[PDB]
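A.B. asks: So that we are looking at the same thing, I have put the structure below in structure tokens.
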Amino acid sequence: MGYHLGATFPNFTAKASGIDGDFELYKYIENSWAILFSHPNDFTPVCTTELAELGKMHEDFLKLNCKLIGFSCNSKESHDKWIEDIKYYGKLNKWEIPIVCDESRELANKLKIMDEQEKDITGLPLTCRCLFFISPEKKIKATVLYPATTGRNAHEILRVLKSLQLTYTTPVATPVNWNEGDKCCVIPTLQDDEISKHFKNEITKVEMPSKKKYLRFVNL
Amino acid sequence: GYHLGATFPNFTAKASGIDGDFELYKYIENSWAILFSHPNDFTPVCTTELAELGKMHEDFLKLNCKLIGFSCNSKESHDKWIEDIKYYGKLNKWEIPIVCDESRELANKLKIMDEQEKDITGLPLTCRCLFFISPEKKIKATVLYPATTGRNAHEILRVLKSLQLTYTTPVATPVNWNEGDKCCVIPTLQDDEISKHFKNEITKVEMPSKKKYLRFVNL
């Protein structure tokens, strides 16, 4: 739709790193959660540190049935050469993340992920540091747009994914600064009668000055 | 359609704690600003986020950064819920203005509607947005978290520090960067201009491509 929350992430076909043929998004992400992330330019320092980090974390995502898909306005030849730098910097011996090529900027213009300042050697614009968290139903669950100046928090990416997956199946919402294993919130619309069906463990109620009963925590 | 580098629009609205109209440009003049929304007043995740931002308010003000709240709730709802936030956070006062958008006009214009969240009346509510705004009213960074997922409050501050640092200095912050850590020299900054901008020395990391882009600097 508008690539705002709840919209369907569109399918696309593109060239990608490590594969000789066409990369098709929907075939790659079928029955999986996916995180599509862009970066401004290959062979730049922040981009190298981010991709080296995500390459280390790859198994943490895959075990949660989540695919990682890279993306920049660079060529396939640039991606493959740059990968050797990412592997060297990150002490990686096996690169697995497909990095999509968008040399024409058609996808970057459609997704609305262009950077405010960043341009390549040819004077053409480049993408910012975007994130799209995509459900197995192709729905955009969460988005982030960081500028080229500001490297992302890779721990935050895994933390958001764990919250999205938990809240997808259970009637809970994760509080501020929540980490896996911490108590979460019972959704405010869940009535006291409905609690036992969904929760094995005891709910903790915190009394508020307003006397409303919404402040409820649960340890799953 | 409010993307990176676009001008954040001015608006006038009702807000918590004040009886007059809140005008955005007047409140954020010569200041960095963070506009954050939450789905509904009197809900658990929203209470934890707002108690946390209330505790961190002085950290933001010291950096010349205004925090502006926002929901599709009335002023009367905001003012009463502030007392629950203060109780939960063990706060003695509240100074973050929380904007009202009962009509959903600003939420539809900003495109910050939640995918699922609706109020008691059946009307839609906003998601957990973040707009990081420069003193020139430019949107530097954005985040759209759903109602299901509380934000990371430490991350909001980390991002703000990175945006302020890179606004004035020819650097970019690497993955997981915290204030005090070494950052990256921008790839376009030539060796000649390096001494004008940096008192301390640069660390160069050799790459298989033999390209000279991997440069760190401790400020």
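Scheme for the structure tokens: letters A, B, ... for chains in order shown; per-chain residue numbers from 1; ligand numbers from 1 in order shown.
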Got a sec to tell me which of range 9-40 of chain B DSSP assigns to strand (DSSP E), as a list in words?
C.D. replies: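 Listing strand (DSSP E) positions across range 9-40 of chain B yields residues 12, 13, 22, 23, 32, 33, 34, 35, 36 and 37 of chain B.
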A.B. asks: Restrict the selected residues to N, CA and C atoms and save them as a PDB file, in the first residue's frame.
C.D. replies:
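The resulting part33.pdb:
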```
ATOM      1  N   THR B  12      -1.155  23.049  14.853  1.00  0.00           N
ATOM      2  CA  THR B  12      -1.706  23.633  16.062  1.00  0.00           C
ATOM      3  C   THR B  12      -2.673  22.590  16.585  1.00  0.00           C
ATOM      4  N   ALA B  13      -2.610  22.327  17.887  1.00  0.00           N
ATOM      5  CA  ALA B  13      -3.444  21.311  18.511  1.00  0.00           C
ATOM      6  C   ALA B  13      -3.602  21.584  20.000  1.00  0.00           C
ATOM      7  N   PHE B  22      -1.357  24.551  21.394  1.00  0.00           N
ATOM      8  CA  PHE B  22       0.063  24.196  21.287  1.00  0.00           C
ATOM      9  C   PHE B  22       0.406  24.332  19.813  1.00  0.00           C
ATOM     10  N   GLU B  23       1.378  25.168  19.497  1.00  0.00           N
ATOM     11  CA  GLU B  23       1.850  25.324  18.123  1.00  0.00           C
ATOM     12  C   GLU B  23       3.253  24.716  18.048  1.00  0.00           C
ATOM     13  N   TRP B  32      16.340  20.857  18.587  1.00  0.00           N
ATOM     14  CA  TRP B  32      16.171  19.514  18.082  1.00  0.00           C
ATOM     15  C   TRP B  32      14.827  19.069  18.703  1.00  0.00           C
ATOM     16  N   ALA B  33      14.092  18.185  18.039  1.00  0.00           N
ATOM     17  CA  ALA B  33      12.839  17.729  18.634  1.00  0.00           C
ATOM     18  C   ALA B  33      12.604  16.285  18.315  1.00  0.00           C
ATOM     19  N   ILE B  34      11.950  15.554  19.247  1.00  0.00           N
ATOM     20  CA  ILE B  34      11.520  14.178  19.008  1.00  0.00           C
ATOM     21  C   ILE B  34      10.020  14.128  19.258  1.00  0.00           C
ATOM     22  N   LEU B  35       9.235  13.877  18.183  1.00  0.00           N
ATOM     23  CA  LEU B  35       7.782  13.730  18.192  1.00  0.00           C
ATOM     24  C   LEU B  35       7.539  12.209  18.269  1.00  0.00           C
ATOM     25  N   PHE B  36       6.865  11.749  19.340  1.00  0.00           N
ATOM     26  CA  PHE B  36       6.594  10.321  19.561  1.00  0.00           C
ATOM     27  C   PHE B  36       5.122  10.087  19.825  1.00  0.00           C
ATOM     28  N   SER B  37       4.543   9.084  19.183  1.00  0.00           N
ATOM     29  CA  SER B  37       3.139   8.777  19.407  1.00  0.00           C
ATOM     30  C   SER B  37       2.990   7.476  20.189  1.00  0.00           C
TER      31      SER B  37
END
```
A.B. asks: Kindly assemble as a Markdown table a list of the chain A residues that lie within 7 Å of chain B, each paired with its nearest atom pair and their distance in Å to one decimal, using only C-alpha atoms, sorted first by chain and then by ascending residue number.
C.D. replies:
```
| residue | atom | partner | partner_atom | distance |
| --- | --- | --- | --- | --- |
| A:4 | CA | B:111 | CA | 6.9 |
| A:5 | CA | B:115 | CA | 5.5 |
| A:6 | CA | B:115 | CA | 4.8 |
| A:43 | CA | B:213 | CA | 6.7 |
| A:44 | CA | B:213 | CA | 5.7 |
| A:45 | CA | B:214 | CA | 5.0 |
| A:46 | CA | B:174 | CA | 4.6 |
| A:49 | CA | B:175 | CA | 5.8 |
| A:50 | CA | B:175 | CA | 5.1 |
| A:84 | CA | B:208 | CA | 6.9 |
| A:85 | CA | B:207 | CA | 5.8 |
| A:115 | CA | B:4 | CA | 6.3 |
| A:116 | CA | B:5 | CA | 4.8 |
| A:141 | CA | B:146 | CA | 6.6 |
| A:142 | CA | B:145 | CA | 5.0 |
| A:143 | CA | B:144 | CA | 5.0 |
| A:144 | CA | B:143 | CA | 4.3 |
| A:145 | CA | B:142 | CA | 5.2 |
| A:146 | CA | B:141 | CA | 5.0 |
| A:147 | CA | B:141 | CA | 6.1 |
| A:149 | CA | B:172 | CA | 4.4 |
| A:150 | CA | B:173 | CA | 5.2 |
| A:151 | CA | B:175 | CA | 4.6 |
| A:152 | CA | B:175 | CA | 5.3 |
| A:153 | CA | B:176 | CA | 4.7 |
| A:154 | CA | B:176 | CA | 6.6 |
| A:163 | CA | B:149 | CA | 6.1 |
| A:164 | CA | B:149 | CA | 6.8 |
| A:167 | CA | B:148 | CA | 6.2 |
| A:173 | CA | B:148 | CA | 4.4 |
| A:174 | CA | B:149 | CA | 5.2 |
| A:175 | CA | B:45 | CA | 4.5 |
| A:176 | CA | B:150 | CA | 4.6 |
| A:177 | CA | B:152 | CA | 4.7 |
| A:185 | CA | B:44 | CA | 6.3 |
| A:188 | CA | B:43 | CA | 6.0 |
| A:208 | CA | B:84 | CA | 5.7 |
| A:209 | CA | B:84 | CA | 5.7 |
| A:210 | CA | B:84 | CA | 6.6 |
| A:214 | CA | B:43 | CA | 5.7 |
| A:215 | CA | B:44 | CA | 5.0 |
| A:216 | CA | B:44 | CA | 6.9 |
```
A.B. asks: Between A:40, A:18, A:10, A:171, which is the closest to residue 128 in chain A once you count only C-alpha atoms?
C.D. replies: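 Among the listed residues, A:40 lies closest to residue 128 in chain A.
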A.B. asks: Leaving out residue 58 in chain A and any residue of its chain fewer than 5 positions from it, which residues lie within 10 Å of it when counting only C-alpha atoms, given as a ChimeraX atom specification?
C.D. replies: /A:53,63,66-68,95-97
A.B. asks: Would you save the residues from that selection as a CSV table (one decimal), in the first residue's frame, using C-alpha atoms?
C.D. replies:
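Just written: selection-v9.csv:
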```csv
chain,number,residue,atom,x,y,z
A,53,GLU,CA,27.5,-7.7,12.5
A,63,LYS,CA,16.7,-20.3,13.8
A,66,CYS,CA,13.5,-15.1,9.7
A,67,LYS,CA,15.3,-14.3,6.5
A,68,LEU,CA,17.7,-11.3,6.1
A,95,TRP,CA,28.6,-15.1,3.5
A,96,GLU,CA,24.9,-16.1,3.3
A,97,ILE,CA,22.8,-12.9,3.2
```
A.B. asks: To test your reading of the structure, identify every residue in range 54-208 of chain B that backbone DSSP assigns to helix (DSSP H, G or I), and report it as a VMD selection string.
C.D. replies: chain B and resid 54 to 55 57 to 61 75 to 89 105 to 110 153 to 168 194 to 197
A.B. asks: Using the selection just defined, write its residues with C-alpha atoms as a PDB file, in the first residue's frame.
C.D. replies:
```pdb
ATOM      1  CA  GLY B  54       9.585  11.288  31.871  1.00  0.00           C
ATOM      2  CA  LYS B  55      12.565   9.966  33.896  1.00  0.00           C
ATOM      3  CA  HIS B  57      13.444  14.238  30.243  1.00  0.00           C
ATOM      4  CA  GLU B  58      16.471  16.135  31.692  1.00  0.00           C
ATOM      5  CA  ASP B  59      18.890  13.982  29.514  1.00  0.00           C
ATOM      6  CA  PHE B  60      17.019  15.295  26.445  1.00  0.00           C
ATOM      7  CA  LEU B  61      16.664  18.928  27.603  1.00  0.00           C
ATOM      8  CA  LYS B  75      -6.779  16.550  26.748  1.00  0.00           C
ATOM      9  CA  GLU B  76      -8.891  15.402  29.755  1.00  0.00           C
ATOM     10  CA  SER B  77      -7.798  11.810  29.110  1.00  0.00           C
ATOM     11  CA  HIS B  78      -4.099  12.976  28.906  1.00  0.00           C
ATOM     12  CA  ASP B  79      -4.196  15.040  32.148  1.00  0.00           C
ATOM     13  CA  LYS B  80      -5.770  12.220  34.151  1.00  0.00           C
ATOM     14  CA  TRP B  81      -3.462   9.513  32.659  1.00  0.00           C
ATOM     15  CA  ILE B  82      -0.386  11.699  33.427  1.00  0.00           C
ATOM     16  CA  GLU B  83      -1.145  11.000  37.157  1.00  0.00           C
ATOM     17  CA  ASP B  84      -0.952   7.214  36.467  1.00  0.00           C
ATOM     18  CA  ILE B  85       2.339   7.739  34.553  1.00  0.00           C
ATOM     19  CA  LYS B  86       3.755   9.809  37.488  1.00  0.00           C
ATOM     20  CA  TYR B  87       2.722   7.107  39.989  1.00  0.00           C
ATOM     21  CA  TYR B  88       4.251   4.285  37.903  1.00  0.00           C
ATOM     22  CA  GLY B  89       7.478   6.257  37.235  1.00  0.00           C
ATOM     23  CA  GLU B 105      -6.417  14.493  11.011  1.00  0.00           C
ATOM     24  CA  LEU B 106      -2.723  14.697  12.035  1.00  0.00           C
ATOM     25  CA  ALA B 107      -2.413  10.891  12.300  1.00  0.00           C
ATOM     26  CA  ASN B 108      -3.777  10.485   8.707  1.00  0.00           C
ATOM     27  CA  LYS B 109      -1.512  13.297   7.409  1.00  0.00           C
ATOM     28  CA  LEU B 110       1.618  11.841   9.204  1.00  0.00           C
ATOM     29  CA  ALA B 153      14.177   4.315  25.237  1.00  0.00           C
ATOM     30  CA  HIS B 154      18.012   4.034  25.436  1.00  0.00           C
ATOM     31  CA  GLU B 155      18.014   3.726  21.598  1.00  0.00           C
ATOM     32  CA  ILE B 156      16.072   7.003  21.225  1.00  0.00           C
ATOM     33  CA  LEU B 157      18.905   8.832  23.131  1.00  0.00           C
ATOM     34  CA  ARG B 158      21.729   6.952  21.353  1.00  0.00           C
ATOM     35  CA  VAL B 159      20.224   7.992  17.945  1.00  0.00           C
ATOM     36  CA  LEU B 160      19.787  11.653  19.052  1.00  0.00           C
ATOM     37  CA  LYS B 161      23.498  11.784  20.163  1.00  0.00           C
ATOM     38  CA  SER B 162      24.573  10.302  16.816  1.00  0.00           C
ATOM     39  CA  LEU B 163      22.428  12.815  14.850  1.00  0.00           C
ATOM     40  CA  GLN B 164      23.830  15.803  16.828  1.00  0.00           C
ATOM     41  CA  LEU B 165      27.430  14.559  16.523  1.00  0.00           C
ATOM     42  CA  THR B 166      27.293  13.939  12.731  1.00  0.00           C
ATOM     43  CA  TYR B 167      25.316  17.226  12.188  1.00  0.00           C
ATOM     44  CA  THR B 168      28.480  19.317  13.017  1.00  0.00           C
ATOM     45  CA  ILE B 194      41.719  15.419   7.959  1.00  0.00           C
ATOM     46  CA  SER B 195      43.874  17.652  10.240  1.00  0.00           C
ATOM     47  CA  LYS B 196      41.475  20.697  10.073  1.00  0.00           C
ATOM     48  CA  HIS B 197      38.598  18.568  11.553  1.00  0.00           C
TER      49      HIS B 197
END
```
A.B. asks: Quick check, in Å to one decimal: how far apart do CA of residue 102 in chain A and CA of residue 135 in chain A lie?
C.D. replies: 23.0 Å
A.B. asks: What is the distance between CA of residue 99 in chain A and CA of residue 161 in chain A, in Å to one decimal?
C.D. replies: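 Separating CA of residue 99 in chain A from CA of residue 161 in chain A is a distance of 19.9 Å.
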A.B. asks: When you draw a straight line from CA of residue 181 in chain B to CA of residue 48 in chain A, how long is it in Å?
C.D. replies: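 Rounded to one decimal, the two atoms are 16.7 Å apart.
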